[PDB]
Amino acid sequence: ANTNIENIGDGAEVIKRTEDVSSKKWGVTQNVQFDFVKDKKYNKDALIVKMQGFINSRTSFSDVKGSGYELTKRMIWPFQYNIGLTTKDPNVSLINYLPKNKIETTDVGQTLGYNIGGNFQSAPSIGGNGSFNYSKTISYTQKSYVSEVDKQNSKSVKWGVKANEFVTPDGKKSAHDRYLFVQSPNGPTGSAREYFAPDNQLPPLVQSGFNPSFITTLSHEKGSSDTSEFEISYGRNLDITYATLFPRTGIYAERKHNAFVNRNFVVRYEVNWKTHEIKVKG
């Protein structure tokens, strides 16, 4: 049909589209690839959607205003990054997703392969074989975090990249430890920042943000309606850690878990199966 077209064997090709959509308000960039598989020997259309970009951690360190909170400081930080794709149109369904299972390794690298005749296959690795007519990979780093499939069904998929276990001066600390990232400040002139672990102790997913890399394939019966809408959501759930310096007992910490849930940037897209195009809606 148009522009970036890759012949992947006889009677088959892939038409490659992209969209880049950012939100300074939400601190997100969606850099999405949408690859149409056009195979005369497959009775369905298929769109491989690869979701990359950036989700800002939105980590911050602040004073707490008001009487009784003069030596109480606040750290907001992402307990989980949220990535999902949802549709409501009867004419479309999700037929695969990557990662498909929980993955706890620091690096995640997986491949979705396609072979003529409607045959998809996924592997929890990169560089396995030259047996596919077309392949797409995902690659991301999640130091101290784990990836879980929060929801998966024929119409939606949602992954959570969630805080798990961290390296600290005093050893390994669980993501559920209320004193995680808490330290005694050096001087009562200690700014809010000084009540919390320095940057060199905060892993990238806490200090900076996350660069997603996820795939799901949308399936559409050839001949059904020309278009489908779907939404891609990227965001975070933030926790708060409050640290109070008491006169004689020292540093005291309290965690507000799931303090800000679903702070997500949702973009609605339209796929046109007939023209092999993608548009951003709204």
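Only the largest set of C-alpha atoms that superpose within 1.5 Å between the two forms is called the rigid core. The first residue of the shown sequence is 1; numbering continues from there.
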Quiz item: C-alpha RMS from this form in 4 other deposited structures of this protein, rigid core superposed: larger for 242-250 or 219-227?
Solution: 242-250
Self-check item: Between 126-134 and 159-167, the one whose CA atoms sit farther away in 4 other deposited structures of this protein (rigid core aligned)
Solution: 126-134
Practice problem: May I ask whether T275 is missing from the deposited models in at least a third of the other compared entries? | Solution: no
Quiz item: Thinking of the other compared PDB entries, is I8 one of those residues unmodelled in at least a third of them?
Solution: no
Quiz item: So 148-156 or 167-175, which one's hotter by mean CA B-factor in the entry?
Solution: 167-175
Quiz item: Can you tell me which stretch has the higher mean Cα B-factor, 43-51 or 241-249?
Solution: 241-249
Self-check item: Residue selected from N96, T86, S125, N211 by maximal Cα B factor
Solution: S125
Quiz item: Highest Cα B-factor in the deposition, which of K162, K136, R193, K143?
Solution: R193
Exercise. Taking the chain's C-alpha temperature factors as the reference, tell me which third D10 falls into: lowest, middle or highest.
Key: highest
Quiz prompt | Ranked against its chain, the third holding the CA B-factor of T227 | solution = middle
Quiz item: Among the modelled residues of its chain, does the C-alpha B-factor of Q80 lie in the lowest, middle or highest third?
Solution: lowest
Quiz item: If you rank the chain by CA B-factor, which third does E221 end up in: lowest, middle or highest?
Solution: middle
Self-check item: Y114 - Cα temperature factor, lowest/middle/highest third of chain
Solution: lowest
